[PDB]
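What follows is a short report on a single structure.
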Amino acid sequence: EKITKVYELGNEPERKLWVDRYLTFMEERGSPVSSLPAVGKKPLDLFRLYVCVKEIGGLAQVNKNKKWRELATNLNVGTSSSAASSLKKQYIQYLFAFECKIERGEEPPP
Ligand SMILES: [Cl-]
Ligand SMILES: [Cl-]
Ligand SMILES: [Cl-]
Ligand SMILES: [Zn+2]
Ligand SMILES: [Zn+2]
Ligand SMILES: [Zn+2]
Ligand SMILES: [Zn+2]
């Protein structure tokens, strides 16, 4: 489905703003997101994924703590190691540049 779908994957107050802030960043770097990402067949909630990876401490920390399977489970995109590997790939492709830019202070945090 369309990326707009990510607005209804949750009820959080800050979802809409984070999403538009995120989509604006992707457009800015030349990689606009038009379709809602997915892990296999299941829809991927990029907002919740971003927030929880941030809770854990970022990509390197999720790797170190081997939390990809737990996150995939929490996001309902599979419980297998295959689902976990795919989720890590999607995080890298859709969110790591954003994590990196924000951490470096170039992009103010959402
Ligand atoms: Cl921006
Ligand atoms: Cl949360
Ligand atoms: Cl929380
Ligand atoms: Zn907006
Ligand atoms: Zn920007
Ligand atoms: Zn969390
Ligand atoms: Zn949380």
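Numbering-wise (the authors' numbering), the sequence shown opens with residue 2 and increments by one.
For every residue, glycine included, the Cβ atom is placed at its ideal position computed from N, Cα and C.
According to DSSP, simplified to helix, strand and coil, what is residue i?
i, result
"residue 1", "The question about residue 1 has no answer here: the residues shown for the chain are numbered 2 through 111."
"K3", "strand"
"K68", "coil"
"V78", "coil"
"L10", "coil"
"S83", "helix"
"residue 126", "Because the chain here runs from 2 to 111, residue 126 falls outside it and cannot be looked at."
"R16", "helix"
"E107", "coil"
"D46", "coil"
"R30", "coil"
Shortest alpha-carbon distance to residue i belongs to which of the options?
i, options, result
"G59", "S32, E100, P44 and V40", "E100"
"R49", "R105, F26, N77 and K102", "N77"
"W19", "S32, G31, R30 and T5", "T5"
"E15", "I103, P44 and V52", "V52"
"residue 1", "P44, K68, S32 and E108", "A query on residue 1 cannot be resolved here, the shown segment of the chain reaching from 2 to 111 and no further."
Could you pull out every residue in the same chain whose Cβ sits closer than 6 Å to the Cβ of residue i, ignoring the five residues on either side in sequence?
i, result
"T80", "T74"
"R22", "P111"
"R70", "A85"
Within its chain, find whatever has a CB closer than 7 Å to the CB of residue i; leave out the 5 residues flanking it on each side and keep chain order.
i, result
"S83", "none"
For residue i, which residues from the same chain have a beta carbon less than 8 Å from its beta carbon, with the 5 sequence-adjacent residues on both sides left out?
i, result
"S35", "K3 and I4"
"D46", "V7, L10, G11 and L76"
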